[PDB]
2 protein chains.
Amino acid sequence: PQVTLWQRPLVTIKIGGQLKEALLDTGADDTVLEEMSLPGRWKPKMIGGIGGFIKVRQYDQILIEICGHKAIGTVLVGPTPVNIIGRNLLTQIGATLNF
Amino acid sequence: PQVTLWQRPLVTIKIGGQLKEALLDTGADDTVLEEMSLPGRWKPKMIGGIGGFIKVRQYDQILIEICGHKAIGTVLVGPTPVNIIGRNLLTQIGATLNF
Ligand SMILES: O=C1N(Cc2ccc(CO)cc2)[C@H](Cc2ccccc2)[C@H](O)[C@@H](O)[C@@H](Cc2ccccc2)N1Cc1ccc(CO)cc1
């Protein structure tokens, strides 16, 4: 998908048989995702960005469908108020930041 | 520039005659930036992202250079641990997320 910039590149991603609005964030390095029900192996950790640091669950190997395009990746599930398709997923769909 | 080196698209940016590392944050909507010196003509705003809410200074019309590309935009100055380049600047360099 080609996303210009006059709007947000949000996409109903499908992770853990679930569906939520995602926020393509080339700023983050992985795919964080508000807490939710996600079965699979995960590692507990804490990301520190703006405002403070939260807790997450590095879920490596999760099929996240972005815009209808299959894309597995590591989804860090934590108490984040949003979804973040970071580099770990911008490399699965083969994104290119051209300007 | 077309950047497909599946890596952090960072760029030495020049803001207020200064220089810091910028993290192309297509996830954010504007160009936040750690504390620094800007031209009187800003407005206080609070961003609430991961971990908590921080306070910045929405500076408008700041010649922020990205990778040597003269660009002006809204640079928020606050206690952020990074130079965030949100869409507000991804619209100046005509960025496009093709995947
Ligand atoms: O905390 C944010 N992280 C933190 C973060 C850390 C680690 C990961 C996983 O690797 C993902 C995100 C990033 C910006 C950042 C990176 C590094 C250091 C400091 C900041 C992100 O790249 C940005 O997109 C939003 C994500 C977001 C947006 C809305 C709601 C929740 C989360 N934020 C917060 C943010 C909010 C507003 C603006 C201005 O509009 C900018 C940033």
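Residues numbered from 1 in each chain as written, not as in the entry; some residues may be left out. Chains lettered and ligands numbered in written order. Heavy atoms only, no water.

The deposited coordinates, according to the entry record, derive from solution NMR.

1. Quick word on the site of the ligand
Stated precisely, the cut-off is as follows: By convention in these notes, a residue is near a molecule or strand provided one of its non-hydrogen atoms lies within 4 Å of it. The definition of a polar contact used here is a pair of N or O atoms within 3.5 Å, where within protein one atom must be able to donate a hydrogen and the other to accept one, and adjacent residues in sequence count solely through side-chain atom pairs. Here a cavity means grid points, on a 1 Å grid over the protein atoms only, where a 1.4 Å probe fits yet cannot get out; a pocket means an open set of points with protein on both sides within 12 Å along at least five of seven lines; lining residues are those with an atom within 4 Å of a point. By definition, a pocket or cavity contains a molecule when more than half of the molecule's atoms lie within 2 Å of the pocket's grid points. In the scheme used here, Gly and all other residues not listed as nonpolar or charged are polar, with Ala, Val, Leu, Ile, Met, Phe, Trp, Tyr, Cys and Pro taken as nonpolar and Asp, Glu, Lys and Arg as charged.
In the neighbourhood of the ligand, 20 residues make up the surrounding shell, with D25, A28 and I50 of chain A together with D25 and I50 of chain B lying closest. In this structure, the ligand is bordered by residues of chains A and B. Interatomic distance of 3.5 Å between a backbone N/O atom of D30 of chain A and an oxygen atom of the ligand. Assessed atom by atom at 2 Å from the grid points, the ligand resides in the largest pocket. A class-by-class count of the residues in the shell around the ligand yields 10 nonpolar, four polar and six charged.

2. Quick look at the sheet that holds strand β7 (residues 72-78) of chain A
All names here are of chain A. Our working definition: Strand pairing follows a simple DSSP-based rule, namely that at least 2 bridges must link the two strands. By definition, any uninterrupted DSSP run of H or I lasting at least four residues is a helix, any uninterrupted run of E lasting at least two residues is a strand, and each is numbered from the N terminus. The angle between two axes is taken between their N-to-C directions and runs from 0 to 180 degrees, where each axis is a line fitted to C-alpha atoms and a helix contributes only its stretch in contact.
Here we have five strands laid out as an open sheet, ordered β5-β6-β7-β4-β8, and mixed in their pairing. At either end of the open sheet lies a strand with only one pairing partner, and these are β5 (43-48) and β8 (83-85). Shown here is a sheet whose adjacent strand axes are inclined to one another by a mean of 35 degrees, direction ignored. Relative to β7, strand β6 (residues 53-63) runs antiparallel, the two sharing four bridges. Bridge pairing in β7 places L63 opposite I72.

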